[PDB]
Amino acid sequence: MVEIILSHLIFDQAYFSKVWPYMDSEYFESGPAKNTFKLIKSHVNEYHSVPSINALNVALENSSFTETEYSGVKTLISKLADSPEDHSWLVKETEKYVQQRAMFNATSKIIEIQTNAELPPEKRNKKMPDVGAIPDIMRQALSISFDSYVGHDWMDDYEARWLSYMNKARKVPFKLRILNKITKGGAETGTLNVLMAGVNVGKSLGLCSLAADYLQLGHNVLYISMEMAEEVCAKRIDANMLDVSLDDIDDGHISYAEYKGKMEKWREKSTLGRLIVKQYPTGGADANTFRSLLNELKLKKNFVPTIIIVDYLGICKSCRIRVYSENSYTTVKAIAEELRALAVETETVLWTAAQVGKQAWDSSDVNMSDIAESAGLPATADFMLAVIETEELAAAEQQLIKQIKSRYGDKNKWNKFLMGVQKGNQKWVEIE
Amino acid sequence: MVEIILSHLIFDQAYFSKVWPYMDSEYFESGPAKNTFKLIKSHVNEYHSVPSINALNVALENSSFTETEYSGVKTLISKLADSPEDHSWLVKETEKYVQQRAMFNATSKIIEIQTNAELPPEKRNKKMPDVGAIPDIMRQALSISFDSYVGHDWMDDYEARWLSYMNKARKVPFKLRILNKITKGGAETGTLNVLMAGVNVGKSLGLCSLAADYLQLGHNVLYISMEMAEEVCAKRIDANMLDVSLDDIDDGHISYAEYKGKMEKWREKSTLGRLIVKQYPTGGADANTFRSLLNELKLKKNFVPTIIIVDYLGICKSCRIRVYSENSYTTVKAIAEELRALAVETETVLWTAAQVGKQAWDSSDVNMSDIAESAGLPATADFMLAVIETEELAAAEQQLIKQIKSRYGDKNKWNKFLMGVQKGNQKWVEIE
Amino acid sequence: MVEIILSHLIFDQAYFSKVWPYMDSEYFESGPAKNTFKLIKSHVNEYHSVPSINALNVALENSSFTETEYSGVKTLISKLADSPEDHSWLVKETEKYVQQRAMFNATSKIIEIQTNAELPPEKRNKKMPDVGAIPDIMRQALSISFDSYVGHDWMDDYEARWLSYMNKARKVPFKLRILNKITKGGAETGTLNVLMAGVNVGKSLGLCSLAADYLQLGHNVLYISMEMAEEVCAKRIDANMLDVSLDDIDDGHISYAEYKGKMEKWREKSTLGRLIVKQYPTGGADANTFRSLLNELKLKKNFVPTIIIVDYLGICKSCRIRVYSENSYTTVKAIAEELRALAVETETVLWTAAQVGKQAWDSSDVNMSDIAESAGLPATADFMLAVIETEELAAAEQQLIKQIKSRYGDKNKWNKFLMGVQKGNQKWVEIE
Amino acid sequence: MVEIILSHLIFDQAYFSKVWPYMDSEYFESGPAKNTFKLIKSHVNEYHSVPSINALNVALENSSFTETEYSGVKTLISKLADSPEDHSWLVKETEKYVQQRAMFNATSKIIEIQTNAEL
Amino acid sequence: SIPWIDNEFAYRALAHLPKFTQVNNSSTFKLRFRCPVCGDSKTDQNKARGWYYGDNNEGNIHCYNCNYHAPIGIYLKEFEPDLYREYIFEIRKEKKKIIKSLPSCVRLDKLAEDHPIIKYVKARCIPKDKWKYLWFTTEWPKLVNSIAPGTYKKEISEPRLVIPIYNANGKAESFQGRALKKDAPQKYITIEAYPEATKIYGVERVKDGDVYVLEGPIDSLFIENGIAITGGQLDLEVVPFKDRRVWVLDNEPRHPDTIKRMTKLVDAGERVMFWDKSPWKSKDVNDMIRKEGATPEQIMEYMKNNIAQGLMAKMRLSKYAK
DNA sequence: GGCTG
DNA sequence: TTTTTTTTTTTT
Ligand SMILES: Nc1ncnc2c1ncn2[C@@H]1O[C@H](COP(=O)(O)OP(=O)(O)OP(O)(O)=S)[C@@H](O)[C@H]1O
Ligand SMILES: Nc1ncnc2c1ncn2[C@@H]1O[C@H](COP(=O)(O)OP(=O)(O)OP(O)(O)=S)[C@@H](O)[C@H]1O
Ligand SMILES: [Mg+2]
Ligand SMILES: [Mg+2]
């Protein structure tokens, strides 16, 4: 590995600028490698630039080495190539090499300290550190890392953090003006967002509308369905995207020509993403099967999603709980925690839906207290939008969206808003 | 000097009473000496007295030993003989020998640790300490002297206790005088302090405000967030310390010039600590994870916190429990016990958050019987606080704190004090 | 160890008195040992006294054997020396030797019986027992020991039981007249006593008051704390003993002159014991840890406790059940049984505390069914008191200590009795 | 054609993108081939990129291999080279080889099952 | 456990088994036998892969063919119940020859330079002065039967390199045969005159200073104060100069048996030699000289610099292990 | 011509 | 992964 390290010190710039401050003579060897590194360090000190092979050989010629040292250094210099390795592997491997050598040196030093300690006090070296310095020395061996990034350091990462607030690095817009207004620019990555459906509201209509909106904005969407097949969910997606009514597809009003024309028109647009629909049996998909699905999609389909939409939280299974109940609070709390952990670890926006409490069903207003999942969903959910469909709203083709929990912004800023739900095309349109 | 040690263990009451409680089988060798000490230790355990030569070579040596082991033990026992030596030189030489053997064992153990950790996973010999805890082993080996320090005698140790009283070397004062007049000088080092607020009532505004106050007081603060990213927590801290509304940093009413100016104005102050924010997925961090994070911070960033703020106690996991339990009482109690053990081990004031019961939602008063996750959590906490701002305090930007459990003083003295919340700046101000 | 047995039969006296009745010629050997024991037994039968070495030589001379063995016997009686070994070890080793030889003889006898049974009845031996006698004689070899007492006999041992009534030898007074009245002499040795109360009610306060009262009655009190630090418990004890409020210590209203003066005034008392306060991590100590602590306390100092105050048993761990293998009931029952076993082994009064259920935290009356964790803890306890505090009681600095369980007296004579509680001084006073 | 498969996994990118998700360690003989594929798979799992020859020689030195295994892996790594061919014959040949290896493994497994049943 | 009664009882039980041989050195008790469970090798009728080891705490039988491994008590309980009865009852009951001449052996220094064995030892690059410590024979079974008769049934003429071993007195008590042909029963055939003979080559040539102990007698010829244990018991005790010996084995970092012997030596607190900074890569010093062009005095330079003891030796072994 | 755990 | 006892706890 030392040959590679020296070669890419001589014949690289980013690697040099990254690993030079953490490079010491004692890390290499007691033979040709140490002499070559000493030549490199001397040249960089006298001339603040990376030496070339000819300059290195000139320095070796004008240097004080014996015959064996001269031969070793000459052979090692002749054995260095400008080959192109990847930067990440090179940095990680040289970091591991440096750490191993530092640990070996520290262990040898503490062994020598102990050996010197067990010697006649009249007869010992004064320069050798005392035994009490052993725990600190090993610490200096363990404090060797090319790059230190343990968490977010306030007052040490304020310039990077400001670039996050200006660039809105975490926000993902909604394509609906009202939803962008109440989220201060959309939902955030690594979040769990749920919709609460009162009596008479479907949970998959809103999820399909969000999936279509994200698809039109260029995002990779992974729709995991539980109670429905892939074809049915993709048919809801087609209804929203192709403007064809859902019943028109089953009846046969729309022909193959119009369908293919609309699909190719969408394919021509470069602002379109990819939608992958995966079906799982009811209760047969925990938030560990989703990790395997993501791994398979990344490896085989190269599909790395930014939006993950689960059809229904209640139908899912809690991996930690293991046991499965049709409508149990402990499972819903665990499922929410597991899904939010998946969202955080995958840096994706995760969407799901739940049913509101029966009292919430009868009452147009839904309270966090009036929720089927109490203290379990309004504790692990960054955003919880509530959807109310009464007779008067249904007659006007509308649904009252109420904001029950908003980690993003103030919940009471714009709490109630009317949404233009179309149940045929499975779409949400804004209301002026 | 194994032979002298064994001989004066057998044939000296004063030497025995002085050196036996500090004797261990891992000090002599891997041969006859270890077997002889095993026989002596078994005899002392069984009969609470020093064995004689007859007991050693008849009542004990007739055991499950190899021919070579039997011959070695017989030779060593026959070689034991009382020798006249001063009982100040014997104790000192025995102490030196014990210290040397402890250092040798520690060096061998850390060598084995490095060798094991160098190996790839699936063969890494679990339960063996990581490379991070090398210096603590050496430090423990250093302090292996023969001093009797078992507990705190009441009459023999009143000087150190009075020094602790006058120095007050347990209190960490708040920046709020109201929280200092009820805690009699702030929170104590090895303690677990809890906030109970509900859903979207506080419970992280309070934790962020406490972190900001501790930062302004020069303390190193470690904010481990399980429900929010590092950037959002740091944004709340920025809103608290820069006197800028949380919405202003999102819409864009604050320029980069004044942001950088305020940050540099805070930097130049010597009375400012370091705040490090680290995020973990919801339900994927235990006390062992926190210990690993602390070791990593100490080694790499040279960061030893005095305040540890866990954003939520109930969405962590138990290190001791291996199989997830649907019973929230045992899991939350175990998590709280592990967190308090970590706090008392690191001597760090540990603040965390707890969720109140749905009954307490929109309730003008919250009792200790409103704790949601577990009734064992209030038993392990050193100081709990409840936030009960229902409807009218919100209109007046107020929050009422009840002081449900107070181990620093009488909770019936100043039960309510009506804290001045500010949600835009995410801070607490007094009503002085 | 036949040489030791014979030597201590000839020379030692108390060993002879204890071991001679359980001695038979079949237990030793078929060679020189058997002949020597036969000579000793013949001499002790002729003259009812232990013979001497010269007497043994005379007996060998007058009563002769065949020279082949006679030389071995005369060289066998050349090594019997005084060798003042300890009595307990000698008795135990002799008992083990005779038990082993009895097992060997019984096995040989049953083998001989089986061999005889196989032989035809024509030539079979008549002295050998039948096969049906094989089990019972084996039992005769199983129940061989030096314990002259197998149990307690009501009529045979009426004496040595009246002695336990004149001198209590179990009662430890309480220093409080009400507790002595309801206990009829105080708590007994080898017992488990429990104070049960809600969270933040006075349990550690009561335990510290009891520890202070015991300390004033010349008792060795060991306070083992699983939650609070040693300094906090010592501060409670100082507040109880030095008549200084807790607020005074944390407000600096007491000088070092007063503190040292009061401490030395207590030291000058000849009626003062020792109070060692030991801290363990929550859930990180068991009964075996307590036994190791007692052993090291006895070794490293002249400290053998008579009172052991465990702060809370619920936050300990069982030394038999693996961690979190069983539910709360089984684990807490096992912990209580282990603590009571430790108490009966060490002959000490073991006080502890337990939590009540969530339903009893705001109740004016506490029943035995309100015990948290196991219901086997009341079964295992010997004396249980319930500490009840309400608003009216707190307004008068009083509590409502109620007898839940009493093996020392009738719980109905004085079931509920008010007790003044000075929380500032952490002291229990009795209303008079 | 294990050597060709390894060579075009290392030195080719379209071939790697096409065939890697379907390759498995059980498709290679227990000699140098399986160990070399283990090194490649570990490198890809740890760095999400195709290793070079230097990377594998570093991984070989930092490995717990016997002398015979070490020599075989080093010889196989030395023998690797980028032979120019067409990215339509390579994919089908690799698919055929993988199918044959899967059939061989299945046959061995069913023979073992039948041997186990008669016990 | 009781080892000697296990040795006595095991012998009788394994005595019935064919191919029964008593491998009894000065400090161990082993019994070689055909395995009664599987019949040992079906193809080779003369293989005895069943072994009994009685030098441990418990005497155990192990088969290297069918992987049977059991205590002697379980073996007696399962196969010899009449012997098992008395075994548990007795358990309950207690509970020099000097090689004066070498016939048909010629020393290498008095041989002609055109001898084919002289070309081979020149190909092995042994220095000339050591050639008076080496003999050559063509009648190796005849020589062994002249020393220890009966080991070779037929004295077929085999050319082998004679390796006499002398004690500290300089008297030959054993001799080893190096196989010149590639096809042989054994690479190194060690023949003793009396069973307590020394197995350490060249003890009579030890001068003052550190003593380097190697694995090959030919390897010790390049080494000043170089002696070599010829396998056998590998007893450190039977090895002299315990205060000052140097423990040199062959360069094999990935070989598990070599590092097992290194771990056994370093746990005994001995002075073990480490090849972790060696510029050469061959297995032994003779192979280093023959194949990598190494001269001996460079090797005398390297080892002295890297002599290791105790804890520092442990880390050297930790990094040399893999 | 030996070799196990 | 289910099954059954008992307990303790909590949520509705
Ligand atoms: N961006 C924001 N702008 C203004 N107010 C906010 C913002 N984020 C949160 N809040 C307010 O802060 C409170 C929310 O409490 P937090 O400190 O976020 O913790 P929490 O939400 O109570 O914890 P949970 O488990 O998510 S309910 C509410 O009063 C919100 O109105
Ligand atoms: N450090 C302290 N300073 C002042 N008053 C205290 C202190 N500790 C306890 N008290 C008072 O004494 C009461 C009982 O405390 P303890 O007896 O220690 O409680 P406990 O029974 O151990 O239960 P916890 O630990 O509080 S759940 C408290 O409610 C306070 O009124
Ligand atoms: Mg929060
Ligand atoms: Mg307490």
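Residues numbered from 1 in each chain as written, not as in the entry; some residues may be left out. Chains lettered and ligands numbered in written order. Part of a larger assembly, values for the part shown. Heavy atoms only, no water.

As summarised from the PDB record, the model derives from cryo-EM at a stated resolution of 3.2 Å.

The name given to chain D in the PDB entry is DnaB-like replicative helicase, with Escherichia phage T4 as the source organism.

In the annotation of the PDB entry, chain A is listed under the name DnaB-like replicative helicase and assigned to Escherichia phage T4. Comment text from UniProt for chain A, heading Sequence similarities, reads "Belongs to the helicase family. DnaB subfamily." (UniProt positions renumbered as here; feature names shortened; annotations may be inferred.)

1. What about the overall build of chain D?
Secondary structure summary: chain D contains 6 helices and 0 strands in total. Order of helices (α) and strands (β) in chain D, N terminus to C terminus: α-α-α-α-α-α. Once the C-alpha set of chain D is aligned to its principal axes, its extents read approximately 50 × 40 × 25 Å. Within chain D, the proportion of its 119 residues that are buried is 38%. Taking the intrachain contacts of chain D between residues at least 6 apart in sequence as the baseline, contacts between residues at least 24 apart amount to 64%. Accessible area for chain D stands at about 6,800 Å²; split by element, carbon and sulfur atoms hold 55% of it. Here chain D holds 10 positive side-chain charges and 16 negative ones, and the gap between their average locations is 3 Å. (Helix = DSSP H or I, 4+ residues; strand = E, 2+ residues; numbered from the N terminus. Buried < 20%, exposed > 50% of the residue type's maximum accessible area, 1.4 Å probe, protein only. Contact = heavy atoms within 4.5 Å. Areas by Shrake-Rupley, 256 points an atom, 1.4 Å probe, with all protein chains shown as cover. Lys, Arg positive; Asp, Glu negative; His and termini not counted. Charge placed at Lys NZ, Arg CZ, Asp CG, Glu CD.)

2. Regarding the coordination of the magnesium ion (ligand 4)
Angles between donor atoms at a metal ideally measure 109.5 degrees for a four-coordinate tetrahedral arrangement and either 90 or 180 degrees for a six-coordinate octahedral one. Residue and element names in this part refer to chain C. The coordination sphere of the magnesium ion (ligand 4) contains the protein donors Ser204 (OG) and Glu227 (OE), at a distance range of 2.0 to 2.5 Å. On the criterion of sequence distance, the pair formed by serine 204 in helix α10 (residues 204–216) and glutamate 227 in the loop between β4 (220–225) and α11 (230–241) is long-range, its members being 23 residues apart. In this pair, the class of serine 204 matches that of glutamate 227, namely buried. (Donors = N, O, S within 2.8 Å, 3.2 Å for Na, K, Ca; no water.)

3. Some points on the protein's contact with DNA strand F
Residue and element names in this part refer to chain E. Close to DNA strand F lie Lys30, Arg32, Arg49, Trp51, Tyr53, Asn56, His62, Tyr64, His69, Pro185, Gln186 and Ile189. A share of 44% of the atoms of DNA strand F within 4 Å of the protein falls on sugar and phosphate groups. Here a phosphate oxygen of DNA strand F sits 2.5 Å away from a polar atom, N or O, in the side chain of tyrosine 64. Take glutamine 186: an N or O atom from its side chain is 3.0 Å from a sugar or linking oxygen of DNA strand F. Those elements giving two or more residues to the surface near DNA strand F turn out to be β2 (29–33) and β3 (50–53). By residue class, the composition of the surface near DNA strand F is 5 nonpolar, 4 polar and 3 charged. (Near = heavy atom within 4 Å. Polar contact = N/O pair within 3.5 Å; in protein donor to acceptor, adjacent residues only side chain to side chain. Nonpolar A, V, L, I, M, F, W, Y, C, P; charged D, E, K, R; others polar.)

4. What to know about unusual backbone geometry
Unlike most non-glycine residues, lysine 203 of chain B shows phi in positive territory, near 70°. Looking at where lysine 203 of chain B falls in the secondary structure, it is placed in the loop between β4 (192–196) and α10 (205–216). The backbone of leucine 234 of chain E sits at a positive phi, close to 55°, despite the residue not being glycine. Tracing the sequence through the fold places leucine 234 of chain E in the loop between β13 (226–229) and β14 (245–247). On the basis of relative accessible area, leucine 234 of chain E is assigned to the partly exposed category, the value being 38%.

5. Notes on the site of ligand 2
As a structural note, the neighbourhood of ligand 2 is formed by 18 residues, with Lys405 of chain B together with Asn200, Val201, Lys203 and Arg236 of chain C the closest of them. The residues that come close to ligand 2 belong to more than one chain, namely chains B and C. Residue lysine 405 of chain B places a side-chain N or O atom 2.5 Å away from an oxygen atom belonging to ligand 2. Between ligand 2 and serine 204 of chain C there is a distance of 2.7 Å, counted from an oxygen atom to a side-chain nitrogen or oxygen. In isolation ligand 2 offers 640 Å² of accessible surface; the protein chains occlude 94% of this area.

6. Considerations on the interface of chain B and chain E
Counting from both sides, the interface comprises 9 residues of chain B and, opposite them, 8 residues of chain E. The contact between chain B and chain E buries some 810 Å² in all, and 59% of this surface belongs to carbon and sulfur atoms. For the chain B face of the interface with chain E, the top three residues by lost area are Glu67, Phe104 and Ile111 of chain B, together amounting to 45%. At 6 residues, helix α6 (residues 89–118) of chain B tops the list of elements feeding residues into the side of chain B that touches chain E. (Buried area = accessible area lost by both parts, 1.4 Å probe.)

7. Concerning the coordination of the magnesium ion (ligand 3)
Residues and elements named next belong to chain B. Those protein atoms acting as donors to the magnesium ion (ligand 3) are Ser204 (OG) and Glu227 (OE), and they sit at 2.0 to 2.8 Å. Note on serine 204: relative accessible area 3%, which makes it buried. Overall, the relative accessible area of 8% leaves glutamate 227 in the buried class.

8. A word on the site of ligand 1
In the vicinity of ligand 1 lie 19 residues, with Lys405 of chain A together with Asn200, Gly202, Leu205 and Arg236 of chain B positioned nearest. This site is not confined to one chain, since residues near ligand 1 come from chains A and B. The contact in question runs from an oxygen atom of ligand 1 to an N or O atom on the backbone of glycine 202 of chain B, over 2.7 Å. Between ligand 1 and the protein, one listed contact pairs an oxygen atom with a side-chain N or O atom of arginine 236 of chain B at 2.6 Å. Computed on the free molecule, ligand 1 has an accessible area of 640 Å², of which 94% lies beneath the protein chains in the complex.

9. Thoughts on the interface of chain A and chain B
Each partner contributes to the interface: chain A provides 54 residues, whereas chain B provides 68 residues. Across the interface of chain A and chain B, roughly 5,500 Å² is buried in total on both sides, 61% from carbon and sulfur atoms. If you sort the residues of chain A by the area they bury against chain B, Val150, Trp154 and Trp162 of chain A come out on top, with a joint share of 15%. Breaking the side of chain A that touches chain B down by element, the ones donating at least two residues are α6 (87–117), α7 (134–142), β1 (152–153), α8 (158–166), α15 (329–346), α17 (377–380) and β10 (399–406) of chain A. The element best represented in the side of chain A that touches chain B is α6 of chain A, accounting for 6 residues. Looking at side-chain class alone, the side of chain A that touches chain B contains 22 nonpolar, 15 polar and 17 charged residues. As defined by bridge partners, β1 of chain A adjoins strand β6 (residues 275–279) of chain B across 2 bridges and the pair is classed as antiparallel. Paired with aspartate 153 of chain A across the bridge in β6 of chain B is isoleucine 276 of chain B. (Pairing = 2+ DSSP bridges.)

10. Digging into the protein's contact with DNA strand G
As a structural note, the neighbourhood of DNA strand G is formed by 14 residues, with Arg322 of chain A, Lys358, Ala372 and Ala375 of chain B together with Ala375 of chain C the closest of them. Sugar and phosphate atoms form 89% of the subset of DNA strand G atoms that lie within 4 Å of the protein. Contacts to DNA strand G include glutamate 373 of chain C, whose backbone N or O atom sits 3.1 Å from a phosphate oxygen. A distance of 2.7 Å separates a phosphate oxygen of DNA strand G from a polar backbone atom of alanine 375 of chain C. Per-class residue counts for the surface near DNA strand G are 6 nonpolar, 4 polar and 4 charged.

11. Observations regarding the packing of helix α6 (residues 87–118) of chain C against helix α7 (residues 134–142) of chain C
All names here are of chain C. Relative orientation of the contacting elements α6 and α7 amounts to 170°, with a least axis distance of 9 Å. Taken as axis vectors, α6 and α7 run roughly antiparallel relative to one another. Seen from α6, the contacting residues are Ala102, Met103, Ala106, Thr107, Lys109, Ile110, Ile113 and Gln114; seen from α7, they are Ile134, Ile137, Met138, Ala141 and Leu142. Broken down by class, the residue content of the contact of α6 with α7 amounts to 10 nonpolar, 2 polar and 1 charged. (Axes fitted to C-alpha atoms, helices over the stretch in contact; angles between N-to-C directions. Parallel < 35°, antiparallel > 145°, perpendicular 65-115°, else oblique.)

12. Some details on the pairing of strand β12 (residues 427–430) of chain C
Residues and elements named next belong to chain C. Taken together, the 4 bridges between strand β11 (residues 419–422) and β12 define a ladder with antiparallel strand orientation. Within β12, the residue paired with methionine 419 across the bridge is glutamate 430. Once β11 ends, the chain turns through 4 residues before running back antiparallel as β12, passing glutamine 426 with a positive phi of about 55°.

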